[PDB]
Structures are given as structure tokens and as C-alpha cells.
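Below is one structure, written out as C-alpha cells, with a few remarks after it.
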2 protein chains.
Amino acid sequence: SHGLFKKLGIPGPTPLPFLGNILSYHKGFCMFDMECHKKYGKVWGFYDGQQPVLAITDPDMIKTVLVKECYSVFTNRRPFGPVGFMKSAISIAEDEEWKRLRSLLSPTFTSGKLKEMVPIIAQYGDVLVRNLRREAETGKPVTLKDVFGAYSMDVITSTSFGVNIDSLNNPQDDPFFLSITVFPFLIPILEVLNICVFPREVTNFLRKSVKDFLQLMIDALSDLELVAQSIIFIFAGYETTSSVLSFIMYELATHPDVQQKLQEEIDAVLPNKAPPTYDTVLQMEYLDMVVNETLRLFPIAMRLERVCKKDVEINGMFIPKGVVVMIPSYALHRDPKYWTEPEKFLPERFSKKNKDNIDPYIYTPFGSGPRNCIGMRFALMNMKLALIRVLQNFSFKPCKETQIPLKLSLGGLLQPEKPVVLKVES
Amino acid sequence: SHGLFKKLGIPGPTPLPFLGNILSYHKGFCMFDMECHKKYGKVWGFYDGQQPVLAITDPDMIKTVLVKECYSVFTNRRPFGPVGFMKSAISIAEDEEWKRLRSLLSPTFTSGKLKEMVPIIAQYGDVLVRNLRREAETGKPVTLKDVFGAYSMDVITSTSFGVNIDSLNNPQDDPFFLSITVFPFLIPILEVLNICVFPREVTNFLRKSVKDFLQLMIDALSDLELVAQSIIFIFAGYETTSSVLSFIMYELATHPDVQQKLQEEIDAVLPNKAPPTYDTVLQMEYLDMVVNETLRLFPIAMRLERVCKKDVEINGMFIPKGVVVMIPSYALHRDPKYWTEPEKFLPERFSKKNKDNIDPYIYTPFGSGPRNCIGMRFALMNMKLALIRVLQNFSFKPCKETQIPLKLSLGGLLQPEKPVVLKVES
Ligand code: HEM
Ligand code: HEM
């Protein structure tokens, strides 16, 4: 099975038997992606065990895969297991089942239902300053992913349901997945065992805690299929939110000529520390020119993936069935051929002046097509609503223990090695 | 493989393919054991999947298996998995490894180290009355396995380490094992996955909480092998203790002519509510004649098991290798041929007058032989030390919701269906 890329004339790193190419993950997904983009060119192939992965960099191919032929050939993501009752969640569902669930869950992030969420988010952005004013008034670094996490936690529990808890009460919230890929034929076994990658007690904790996004559901849909959708929203709305807030907070304290220039637009549209509304936010381009630049540097999903469900010949290339087409986000976001000095944080790539020479099938940090980030709008609203309410009250400087430059986690997920700490000044 | 008991001329219930006889577990281990003792006689056989189990009732065979030929042919228990680092714990260890660990852990339950534990147990037997005086002074049933559990928890955390917590702070503390037996060939897989029957977070909770019985350890032994031994002691010292306390408490409120007659010996050896010492306890025969009668009725382990590691011919019968010899405790404890009116709770079977006509290879509620209950003494001390400190202060009467007669759990473990509740009067 490992001669599929020798056959189709597609170059690649040679795969070891049984293991495939995962031996080269020893530095991380991202570094293995940038590596081969230099090694073999515009299209290369590798194997995740016996699993052949096609890496595409041509932005038309990318468009064909995510948008044009999404509904036809590349509908679903890579098989990930074992999960259990979670097989119904949207980021996991496939074919016809996903269609019924992406329709049903689209109503949540409209321009009308998101504006309904700015005044309720205006409540926890003040539990964020008051919990960041206690660790500022005293000389002491600050662990951004706790206070932002405590924040991002509070936001998601309400933007969808309605529960309210100051995450200082500490409400709730790659060791073995390594074997998934060399033993994907073992996933069918683990299922008939109820066994979960999500420990069966984080789920039983919520196999009853479920029994607004909650409203707009029961308002056709099932009930064990109702539990799962709350889960994903809770993870993404917490983890992804806090993670990037601290990611930008690092690039603001280590680039203070940008931290002040962003603080000089915040006191222009919102004078006298004016609370942010749905519309004042969308005005601010630098806050966008930054958020889009950090996400151009730290794409929190690194790669997009789709599963080629039949023989196709997109943009000149015969693609066989069962292959995983993989858009290597992190590697493009930092490609020289498309970004000058790409290691450098320069929110002026997303200036209206320059955001013309910017191809949205290279910078896709929320994906694209009918299966793109369904929370992208809610995400880009939830972040800047906290980015404003914090760059009005505090300016951030390096610490003594602040990881400069920031070491990305060479393991799996995209996070820093040591957590981002920063000195906060009022 | 399922023709092993047709071969050896041993009668039994006919086994379905692949499943074996576990279909007959639909009423519980115990009822399936009593059933076949009537069906086929003194020796019968059945299959736990492909796993042949030999049930022996002859008390000499039983003696040959537990005591005489224990070190030789029947050393270890049934293979139970998957476990992980827990493969070193004593109740699990086998062959040579178990010898090094039953020696090392014998010093804990001497007459000298147990007497050192009566004054420290005299401390939580008073947190038991004061937590049972709050639910008595007010008219309200009492859930015995909480207050006893809260008690039995407190005792074991100190009798071995030294930590002290009133278990009212709520400190810490058959869905899928059904597949173990039909798929025992899947246990080798699950191991290379770190996967635990004990959820990997109840263990990570203590993969660091470990880093007296604690003293007598590091005083040769390992450290990941030190964590496991604390675990078993914590379960057995908590669960088994509370469970039987409530088991006797049921048989004392539903047999009050015994509850008073035991309260009439307690105020004889310990006058003026005298605190119990190591020696006053051993004096009291009825408190023993009861504890031994409840355990004759509710044997908390139901069956003893050993694994026949080579061809043998004990007491006339050729026994092949790899068979699990199983002493059906629950079925003997309630055998007519050895106990008149065996359903009836009558602590006078264990009177010194009658405890002569009583064969200790039939009543073995702590087993026997070199692999018997290592905590039996500590157990029979920990229980009566709470049985005294409670039958001095309170008398127990039926409630309106008290399960009379007591329905045993027809699932797996030996517990009641509804928890035992009782009205407590001071
Ligand atoms: C900075 C924050 C976020 C980023 C960078 C991000 C990025 C992404 C990406 C790259 C994808 C995959 C798209 C593809 O492969 O085609 C995705 C999918 C998804 N995201 Fe997010 N996301 C963010 C926040 C959120 C939030 C707050 C939610 C709240 C529910 C969310 C829910 C989802 C869902 C449901 C999907 C899958 C949609 C589907 O498969 O139909 N994301 N996101
Ligand atoms: C009423 C209370 C208890 C009862 C009825 C009981 C009963 C038993 C039984 C029937 C066995 C199996 C013997 C065999 O199959 O040969 C056993 C083994 C064992 N019990 Fe208990 N037990 C009790 C309390 C305890 C306590 C408090 C501990 C504390 C550590 C404990 C620790 C153990 C250990 C370590 C073994 C296995 C010894 C070995 O395999 O070497 N038990 N017990």
C-alpha cells in the first residue's frame, strides 16, 4: 500500500513500513509540513501509518477541494476515533448527516443573533479587568491563559445556554493518539467498548449536565445529538479564544510600538473608555489587521483536511479514492513566495492597502468553503470584544520569565512550550 | 474448546458458542452458583466465554486447592485486565512476584501492629457517632453506607498513611466487563494503549498523591509498585468495611431481639460507655457470632478462584492446565446439607457450643491458605471497633423505605438493590 506516491509520480519522504512517515512528526506537524514544502515542491505525499496523505499548495486546487467540489468529492474530514455517542457532532459528522446538522446550527452566528450577544459579552469583559486589576496592582507576572481562559470559559457557557460563573470559582473545564494512526484498524474494536478518547467521566459529567444556542436547538434534531453540539462549542469557544488572546498578547508586549498604536485607535472610536458595541468593533481595522496577523502566524488548526471519496482529476492531477487531501495552513501562512519576512509580526499585511495582494486560499486560518469555521464570526467578535476591554485599561511589557521568542509546542496542538507570562501595568 | 467438560465426564450447563455460559449470569453470579449446585451435584463445570471454570464443593479438594497445593499448582487468581502499572499489586501479582510482595506486606497486620491501631481508630469511631447523632436527633431515615463509608474512608487513610479528613468534606473516593470474557484475547491490545478499567484520572489523581503501612514500605520494593499497594488497601478498607457494617445493621434492626442482646453484652465488658481497647473486643463472642453470621449470609467476595497451572489429580479428579478452579462461597454459605434453615439469620451457628460442627473449608468468607485475606484481622478489628461504638449509643428500627427483605444486587458485586436505610434512635 505504501507505493501509492511512487505510482502517481508524486514525490515525498520515503515511508517506513507500518509506521509510515509519523517518525518525522518528532519535531511537530508544522515543522514536518514546512520541511517537505522545501523538499518536494508544490505537491507532495506522505503516509500516516498506511494512510496516504496528499499535501496540496496550489491555491486553485485548494479552492476546488474546499469550495467547488466540497459537496461532491471532499465532504468529510479524516476518520477520527474512537468517540462513542460523539459520532453525531458536526465537526465529526459526514455525508448526509452533516448536511442536516450544518443547516440546523447555522442560525446561531447571524448578524442578528451575534448583535444579541454583544451586551451579554459586555458583562464578562468586566470580570476580566477586575481579575486582571488584582494581579496588576501588585508586582507579579500574569499567566494569560488562566485569566483569558477563565474569561473564554465564562463567555461560551452563556453565549449558548445562559449559565454564569466567575471562572475563579474554578467551575469545571499526544500520549496515546500516537497509536491511532499505526493501528487505525483497532478503532472498530474500541468502539464496541464504550471507550472514549474523552475520558468517560468528562462526558458523564455532561451526559446529564445538558439535560440562545440551547434555545435555538429544541426550537429533525435528537437529544443525545443535542448533548454533543454543546461540547464542541464549549471547547472551541474556551480553548481557541483564550489561546489566541494570549498569542496576540505576546505579540503586543514584544511589539509595543504596535501595542500603543492599537491603544491609540481604541481611545478614538470608544472615547472615555466607552464600552464596545457590535458596530464600533467592526470599524477598527488595526485590531483586525493584528488579529489577522497573529492568526497568520499562529494558525490554531495548522492544517485543513478533507477525504477524497472517489477518483478525481482536479486541476490536472488524478486523485484516487480514500486519500486525505491536506492543506498545510501553518506552512503557507509562513511561505516566502507569498509573504516577505514571514517570521516577522507586521499587522500591515492586512492593511486595506495591502490586503489585495493576499490570496484567501493561502491565508485560511478559519478554513473556507461550506465546511469552514462555523464560529469564525462569533470568534472574531468574542476576541476583539476582550481585546478592546483590555487594551483600554492595561499596557503589557515583557517579564523576566516571558518566553521570548515564543517556542511553539513541538508535540501536537499549537500552543507555547512554557505558558505566555507578561507583566501587566495599569 | 467447549467440549472439555463433556470429555472429563464433568456435568454442566451446556455452553453457547463464543459466549460460553455467561448468558446464565442474567440473575447474578450467586444465583447461577446455587442453581448448578442443585443441577449437577458436587462438581460441575461451565465456561466464561472460552474460559472453562471448574466449580468444586468437596471441602478436601477445597483444602488441597487453597492450602496444600497452593504454592505448587494453584498459585494465582484469574487473569483480569487491562490494568497497566497495576500489574504489580498483590491481589493481582503472580508466581514469584507475588511471593516477594506477600512477604513484604505481611508485617502490617500483626498482633503488635494492630494493637498500635486501636487508639487511632478510637478517634474516627467518635466522628461516626457525632455524624450519626445529627441524623438521629431529627426524624429522618439514615443511609448507612454514607456514614459508614465516610467512616471506613477515614479509617483506611490513617491506618496506613496518616492523613485525616472528616469524610463530610467529601474528600475524594457491569457495563463493559461483560465484554472482557467473550473477548479476553483483546486484553493484550488494550494494554499497549495505557487504557484502564480504573479511569485513568482516578489513577493520575493518585499517580502523584502517594509521592504505618506507608512507613513499613520504604523501610527489594519499587516506587511505582508502592503506589498500587495503597490503592487496594484504600478500596478494601473503605468499601468492604462500610458495606458489611450496613449489612449487619440491616440484620440488627430486622432482628431486634439480637440487636438488644448484642447491646446487652456491650454494656457488660465496656461499662459506662467505656471506650473499646484491643482486648475487650476479642472477648465479645456474640459480636463475633454475628459478624461471622452476616458474613456467612453476605460473603462479600461470593467466590474464591485459583488458576490450575498444570495437570493434576487432586482427591481423585484429573484437573487439566489452564482451568480456573472456583470455590462458590455464596452457594456453600447457604447450603442445606451444611446449614439448617440457611436463609435465616441466627448468630448462634458461631456459638462456641456449635462452631465445632462448622467446616472452615465451607465457611471461608476471607478465603484460606497462603493467599487468604491479608486484612482479615484488620478487617475483623476495624468493623467491631465501629460496631461497638454505635451499639452503645443508638438502637436501630425499620423505616418506611427500608428494603425488607434485602434484595441482593442481581448485577455483579454483592450489595443491595436499594441502599439500606434505617431509622436511628438515640
Ligand atoms: C480563533 C478562533 C478559531 C479559529 C482559528 C478556528 C478555526 C477553524 C478551522 C481552521 C476549522 C476547519 C475548517 C476546515 O478545515 O475547512 C474550524 C472548524 C470549526 N470550528 Fe472553528 N475556529 C475558531 C473558533 C471557533 C469557535 C469559537 C467555535 C464555536 C462553536 C468554532 C466551531 C467550529 C466548528 C463547529 C467547526 C466545524 C464546522 C463543520 O465541520 O461543519 N470555532 N474552525
Ligand atoms: C469483611 C471484610 C473483608 C472480607 C470479607 C474480605 C475477603 C477476602 C477474600 C474472600 C479474599 C480472597 C481470598 C482467596 O480467594 O483465597 C481476600 C483477599 C484479599 N483481601 Fe480482603 N476481605 C476483607 C477486608 C479486607 C481489607 C480491610 C483489606 C485491606 C488491605 C483486604 C485486603 C485483601 C488483600 C490484599 C487480599 C489478597 C491477598 C493476596 O492475594 O495475597 N481485605 N479478601
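No value in this document is a laboratory result; all are computed from the given coordinates. In this analysis, Cβ positions are derived from the backbone assuming ideal geometry, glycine residues included, and neighbour counts consider all displayed protein chains.
Out of B:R306, B:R349, I need the residue that is more than 25 Å from B:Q263 (Cα to Cα) and of a type outside the set (A, V, I, L, M). Which one?
Of the residues listed, the single one that is more than 25 Å from B:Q263 (Cα to Cα) and of a type outside the set (A, V, I, L, M) is B:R306.
Find the residue count for segment B:179-192, including only residues that are crowded, with 16+ Cβ neighbours inside 10 Å and part of a loop (DSSP other than H, G, I, E, B).
Selection size over segment B:179-192: 1.
(1) at the interface with chain B (Cβ under 10 Å from one of its Cβ atoms); (2) exposed (fewer than 12 other Cβ atoms within 10 Å of the Cβ): which one isn't true of A:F176, the others all being true?
Every listed condition holds for A:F176 apart from (2).
Just the residues that are more than 17 Å from B:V281 (Cβ to Cβ) and either surrounded by fewer than 17 Cβ atoms within 10 Å (Cβ to Cβ) or out of contact with any helix residue (DSSP H, G or I) (no Cβ under 8 Å at 6 or more places or on another chain) (or both), please, taken from segment B:368-391.
B:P370, B:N372
Within segment A:314-329, how many residues turn out to be of a type in the set (S, T, N, Q) and surrounded by 21 or more Cβ atoms within 10 Å (Cβ to Cβ)?
Adding up the residues that qualify gives 1.
Go through (1) more than 14 Å from chain B (Cβ to nearest Cβ); (2) surrounded by fewer than 20 Cβ atoms within 10 Å (Cβ to Cβ) for A:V227 and report which single condition fails.
(2)
Which residue, of A:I232, A:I248, is within 13 Å of ligand 1 (Cβ to nearest atom) and surrounded by fewer than 19 Cβ atoms within 10 Å (Cβ to Cβ)?
The unique qualifying residue is A:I232.
Condition first: surrounded by fewer than 20 Cβ atoms within 10 Å (Cβ to Cβ) and of a type in the set (F, W, Y). Now tell me which residues in segment B:40-54 satisfy that.
Within segment B:40-54, B:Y40 is the sole residue that qualifies.
So which of B:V83, B:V118, B:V53 ends up being closer than 30 Å to B:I195 by Cβ and in contact with a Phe, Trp or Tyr (Cβ under 6 Å, 6 or more places away or on another chain)?
After applying the criteria, what remains is B:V53.
Exactly one condition in (1) more than 14 Å from chain A (Cβ to nearest Cβ); (2) closer than 23 Å to B:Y151 by Cβ is not met by B:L216; state its number.
Checking B:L216 against (1) more than 14 Å from chain A (Cβ to nearest Cβ); (2) closer than 23 Å to B:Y151 by Cβ, the one that fails is (2).
Name the one entry in A:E251, A:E264, A:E239 that is over 25 Å from the mean Cα position of the chain (by Cα) and either within 16 Å of ligand 2 (Cβ to nearest atom) or not in a loop (DSSP other than H, G, I, E, B) (or both).
None of the other options fit; the residue is A:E264.
Can you confirm whether A:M381 is more than 16 Å from ligand 2 (Cβ to nearest atom), more than 14 Å from chain B (Cβ to nearest Cβ), over 30 Å from A:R133 (Cβ atoms) and of a type in the set (A, V, I, L, M)?
no
In this structure, is A:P199 touching a helix residue (DSSP H, G or I) at 6+ places or on another chain (Cβ under 7 Å) and within 14 Å of chain B (Cβ to nearest Cβ)?
yes
Those residues that are away from chain A (no Cβ under 11 Å) and over 25 Å from B:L23 (Cβ atoms), I need them from segment B:179-196; list them, please.
Selection gives B:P188, B:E191.
For segment A:361-386, give me each residue that is within 9 Å of ligand 1 (Cβ to nearest atom) and aliphatic (A, V, I, L, M).
A:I374, A:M376, A:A379, A:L380, A:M383
Within segment B:216-227, is even one residue under 23 Å from the mean Cα position of the chain (by Cα) and not charged (D, E, K, R)?
Yes; the residues of segment B:216-227 include at least one that is under 23 Å from the mean Cα position of the chain (by Cα) and not charged (D, E, K, R).
State all residues of segment A:193-224 that are touching a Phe, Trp or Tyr at 6+ places or on another chain (Cβ under 9 Å), assigned to a helix (DSSP H, G or I) and surrounded by fewer than 16 Cβ atoms within 10 Å (Cβ to Cβ); if no residue qualifies, say none.
Those that are touching a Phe, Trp or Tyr at 6+ places or on another chain (Cβ under 9 Å), assigned to a helix (DSSP H, G or I) and surrounded by fewer than 16 Cβ atoms within 10 Å (Cβ to Cβ): A:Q215, A:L224.
Does A:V291 count as within 15 Å of ligand 1 (Cβ to nearest atom) and part of a strand (DSSP E or B)?
So A:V291 does not fit the description; no.
I'm trying to understand the selection: among the residues of segment B:258-283, which are of a type outside the set (D, E, K, R), within 15 Å of B:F394 (Cβ to Cβ) and surrounded by fewer than 15 Cβ atoms within 10 Å (Cβ to Cβ)?
Selection gives B:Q260 alone.
Which pairs do you get when a residue that is under 19 Å from A:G41 (Cα atoms), found in segment A:54-69, comes within reach of a residue that is away from ligand 1 (no atom under 14 Å from the Cβ) and of a type in the set (F, W, Y), reach meaning Cβ atoms under 7 angstrom, with the pair 6+ apart or on two chains?
Going by the 7 Å Cβ cut-off, the qualifying pairs are A:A55/A:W44.
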